[PDB]
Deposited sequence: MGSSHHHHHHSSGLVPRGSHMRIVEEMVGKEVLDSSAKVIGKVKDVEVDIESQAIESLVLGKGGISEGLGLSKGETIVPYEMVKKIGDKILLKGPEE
């Protein structure tokens, strides 16, 4: 249960290497399943689309999983 705008947005996404890929710009949703399918991140100064199946944890920051994870 999370507020996309007020919460899960503007949130930094880190890859498994503790690097920051960017922040959450929006969230692509599949119209059918009414389900999430990917996060659209922002560079800053243009967009990166990361599959939601990559997200490992979502707390203060969003942690993507490793290649072996």
item: Ranges of the deposited sequence (numbered from 1) for which no C-alpha atom is modelled; value: 1-19, 65-73
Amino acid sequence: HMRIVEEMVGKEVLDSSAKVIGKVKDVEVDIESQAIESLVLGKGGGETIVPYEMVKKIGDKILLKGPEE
From here on, numbers count along this sequence of modelled residues.
item	value
Selected stretch [higher average CA B-factor]: 59-67 or 2-10	2-10
18-26 or 50-58, whichever carries the higher mean Cα B-factor	18-26
Entry-reported Cα temperature factor of residue 39, expressed as the chain third it lands in	middle
